[PDB]
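In what follows, a single structure is set out as structure tokens and then discussed.
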Amino acid sequence: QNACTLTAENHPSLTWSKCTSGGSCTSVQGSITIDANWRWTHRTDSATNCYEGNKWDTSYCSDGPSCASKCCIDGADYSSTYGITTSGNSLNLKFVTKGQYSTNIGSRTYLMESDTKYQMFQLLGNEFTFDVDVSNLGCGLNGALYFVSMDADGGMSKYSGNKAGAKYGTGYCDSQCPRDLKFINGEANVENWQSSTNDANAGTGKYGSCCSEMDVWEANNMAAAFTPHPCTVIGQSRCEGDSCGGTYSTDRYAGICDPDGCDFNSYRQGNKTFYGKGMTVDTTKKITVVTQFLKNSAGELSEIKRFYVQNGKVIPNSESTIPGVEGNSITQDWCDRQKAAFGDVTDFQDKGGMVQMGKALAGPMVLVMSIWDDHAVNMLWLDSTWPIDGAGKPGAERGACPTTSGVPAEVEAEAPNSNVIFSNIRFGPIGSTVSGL
Ligand SMILES: *[C@@H]1O[C@H](CO)[C@@H](O[C@@H]2O[C@H](CO)[C@@H](O[C@H]3O[C@H](CO)[C@@H](O)[C@H](O)[C@@H]3O)[C@H](O)[C@H]2NC(C)=O)[C@H](O)[C@H]1NC(C)=O
Ligand SMILES: OC[C@H]1O[C@@H](O[C@H]2[C@H](O)[C@@H](O)[C@H](O[C@H]3[C@H](O)[C@@H](O)[C@@H](O)O[C@@H]3CO)O[C@@H]2CO)[C@H](O)[C@@H](O)[C@@H]1O
Ligand SMILES: OC[C@H]1O[C@@H](O[C@H]2[C@H](O)[C@@H](O)[C@H](O[C@H]3[C@H](O)[C@@H](O)[C@@H](O)O[C@@H]3CO)O[C@@H]2CO)[C@H](O)[C@@H](O)[C@@H]1O
Ligand SMILES: *[C@H]1O[C@H](CO)[C@@H](O)[C@H](O)[C@@H]1O
């Protein structure tokens, strides 16, 4: 995709903290950019849309390279159009933003090191911490902070058709191999475009974009999970059609990434009073979330540990109480037992498990922060009973939301002013971001 400048692109600023062994932390001046799929896509020579509603203009261009050449993405009106604001080390993403001519739903954003480069993190062996407020995030919504193995420049150095780069939030990928991206590998995803049946702005193209994914945080004020998702190809790669896998496909496991992950949800692991409104981890208030990516002596990822801090008390992750799935952290062995007790597909195992996730964590990964609703499962996998008839079966109950919650059109209409606030990002070696773990 080319880049256009009918609208100035000014990344909202966002500071974060790099911490050293001993607890000393240094302020870093970063910023954030919005993902290209939310941007205006128009012809390079006019304001005429190349993509509008849920369609491409195929009277103008009709294949990947030519649309990538004749179309561009433009700047983004962060606050008034997308409901994205920052202040200091704090980022607020609003759910539905109604402007004069348009309605924006959700957002996906990336931390920048510079105007043209995502801030890369190498997580293995290290510690990542942030504060989050999910208090205004109800059933059916997901405020997500995670890492994916995108390239720092959005793919510019790999794909000559991508002339927009990280500045315009290009190059996305995750463990769902998403096919709704309008540009992948520097080529517009216009071939075999099929409009979504329930999302007025979306469709899927011939191609999807895969890469490793570490879901540090997927949460609302009812339920939370952290989930590694390995891929048999570590970095960004293009997939084709149904072989992409991911959930907007016929066989979600048919592709190269694990679409389920090895998930830890306190509620799903059997502790229903640990996380929620006024609970041990109280979701009406700001929560500090600590994640440690531990190595074994061979240098592989052996364990993911979670701690919470609220009002100065360190709260270790809740004990999983599912019989046979004892433990409060994610390990290969724990994941084997979890999949067994829940009767779930061992795709995590088949695609390389912890060791394969650690290969991604050893490399650079992009930090992404988003807010969204779910046009496939109404977020029931996160905060409800899933499958909907599975009450009493181990693994089915994930939160206390009703099985009728989460329908995008309904939650968009009822809770449009929902929002999530990510703030106070701290990163460094183990023990460096919060004292007294
Ligand atoms: C869900 O996770 C909760 C936090 O991990 C956990 O709360 C903990 O409950 C125990 C009760 O067994 C409390 O222990 C208190 O009582 C014992 C015995 O009287 C004392 O020896 C302890 O020192 C303590 O005072 C913990 O305080 C409490 N932890 C927190 C952080 O509140 C729940 O038990 C878990 N629920 C399930 C079903 O496992
Ligand atoms: O097309 C321009 C239009 O896009 C809207 O954002 C879309 C994104 O284009 C789309 O990628 C995203 O898809 C997410 C979906 O909503 C979720 O259910 C789930 O599947 O994850 C997807 C992202 O990976 O949906 C949004 C909403 O349709 C903007 O809201 C809009 O302002 C803009 O004009
Ligand atoms: O991230 C983008 C994509 O995520 C989809 O949700 C996934 C979850 O990420 C995934 O963890 C979950 O996996 C569950 C699985 O579906 C069930 O079979 C269960 O038994 O085990 C897993 C534990 O949760 O699946 C969902 C469904 O795909 C969103 O649906 C999608 O909208 C979004 O774009
Ligand atoms: C069209 O089809 C989608 C496929 O996921 C359904 O979920 C929905 O009913 C939409 O109307």
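Filtered by the rule that a residue be on the phi > 0 side of the Ramachandran plot and out of contact with any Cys (no Cβ under 8 Å at 6 or more places or on another chain), segment 173-231 gives 185, 186, 192. Residues in segment 23-54 that are of a type outside the set (S, T, N, Q) and away from ligand 2 (no atom under 16 Å from the Cβ) were compared, and the one that is surrounded by the fewest Cβ atoms within 10 Å (Cβ to Cβ) is 45. Only a single item in (1) under 14 Å from residue 369 (Cα atoms); (2) polar (S, T, N, Q); (3) touching a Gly at 6+ places or on another chain (Cβ under 9 Å) is not met by residue 37, and it is number (1).
The single residue among 345, 377, 355, 420 that is within 16 Å of ligand 4 (Cβ to nearest atom) and not aromatic (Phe, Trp, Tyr) turns out to be 377. Residue count for segment 350-372 under the criterion of being more than 12 Å from the chain's Cα centre (by Cα) and either in a loop (DSSP other than H, G, I, E, B) or not hydrophobic (A, V, I, L, M, F, W, C) (or both): the result is 9. Here residue 392 meets the list (1) without any contact (Cβ under 8 Å) to a residue 24 or more places away in the chain; (2) outside any loop (DSSP other than H, G, I, E, B) almost entirely, failing just condition (2).
Given 128, 147, which one is within 16 Å of ligand 3 (Cβ to nearest atom) and in contact with a strand residue (DSSP E or B) (Cβ under 9 Å, 6 or more places away or on another chain)? Spell out how you get there, then give the answer.
Numbers: 128 fails: within 16 Å of ligand 3 (Cβ to nearest atom).
Being within 16 Å of ligand 3 (Cβ to nearest atom) and in contact with a strand residue (DSSP E or B) (Cβ under 9 Å, 6 or more places away or on another chain) holds for just one of 128, 147, which is 147.
I'd like to check something: does segment 274-285 contain any residue that is in a loop (DSSP other than H, G, I, E, B) and free of Cβ contacts under 8 Å to residues at least 12 places away in the same chain? Checked segment 274-285: at least one residue is in a loop (DSSP other than H, G, I, E, B) and free of Cβ contacts under 8 Å to residues at least 12 places away in the same chain.
With a requirement of 1 or more residues that are more than 18 Å from residue 188 (Cα to Cα), the strands (runs of 3 or more DSSP E) lying completely within segment 62-112 that satisfy it span 84-87, 90-94, 96-98, 103-105.
Would you pick out the residues in segment 286-336 that are of a type in the set (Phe, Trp, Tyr), under 17 Å from residue 261 (Cα atoms) and part of a strand (DSSP E or B)? Selection gives 293 alone. Within segment 188-204, the set of residues being of a type outside the set (A, V, I, L, M) and either surrounded by fewer than 24 Cβ atoms within 10 Å (Cβ to Cβ) or out of contact with any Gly (no Cβ under 9 Å at 6 or more places or on another chain) (or both) comprises 191, 192, 193, 194, 195, 196, 197, 198, 199, 201, 203, 204. Here 263, 282 are screened, and the one residue that is more than 16 Å from ligand 3 (Cβ to nearest atom) and among the charged types (D, E, K, R) is 282. Cβ separations smaller than 9 Å between residues 6+ apart or across chains give the following pairs from segment 254-269 residues that are farther than 13 Å from residue 327 by Cα to residues that are within 16 Å of ligand 2 (Cβ to nearest atom) and basic (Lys, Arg): 259/252; 260/252.
Considering segment 351-375, and only residues there that are under 17 Å from residue 261 (Cα atoms) and hydrophobic (A, V, I, L, M, F, W, C), the residue that is farthest from ligand 3 (Cβ to nearest atom) turns out to be 355.
Note on segment 232-249: residues that are away from ligand 4 (no atom under 16 Å from the Cβ) and either within 13 Å of the chain's Cα centre (by Cα) or on the phi > 0 side of the Ramachandran plot (or both) amount to 1. Would you say residue 95 is more than 19 Å from residue 25 (Cα to Cα) and crowded, with 22+ Cβ neighbours inside 10 Å? It is true that residue 95 is more than 19 Å from residue 25 (Cα to Cα) and crowded, with 22+ Cβ neighbours inside 10 Å. Taken over segment 172-209, the criterion of being more than 16 Å from ligand 4 (Cβ to nearest atom), closer than 16 Å to residue 257 by Cβ and in a loop (DSSP other than H, G, I, E, B) is satisfied by 172, 173, 175, 177, 181.
Looking only at segment 337-349, residues that are more than 18 Å from residue 234 (Cα to Cα) and either touching a strand residue (DSSP E or B) at 6+ places or on another chain (Cβ under 9 Å) or assigned to a helix (DSSP H, G or I) (or both) come to 6 in all. The single condition among (1) more than 30 Å from residue 130 (Cα to Cα); (2) in contact with a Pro (Cβ under 8 Å, 6 or more places away or on another chain) that residue 21 does not meet is (1). Of the residues making up segment 227-253, those that are in a strand (DSSP E or B), closer than 27 Å to residue 308 by Cα and touching a residue at least 60 places away in the same chain (Cβ under 8 Å) are 228, 229. Kindly indicate whether residue 283 is buried (at least 22 other Cβ atoms within 10 Å of the Cβ) and within 16 Å of ligand 1 (Cβ to nearest atom). Yes, satisfied.
Read-outs: derived from the displayed coordinates by stated rules, not from any lab. Positions of Cβ are generated from backbone atoms using ideal geometry, with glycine treated the same way; all protein chains shown enter the neighbour counts.
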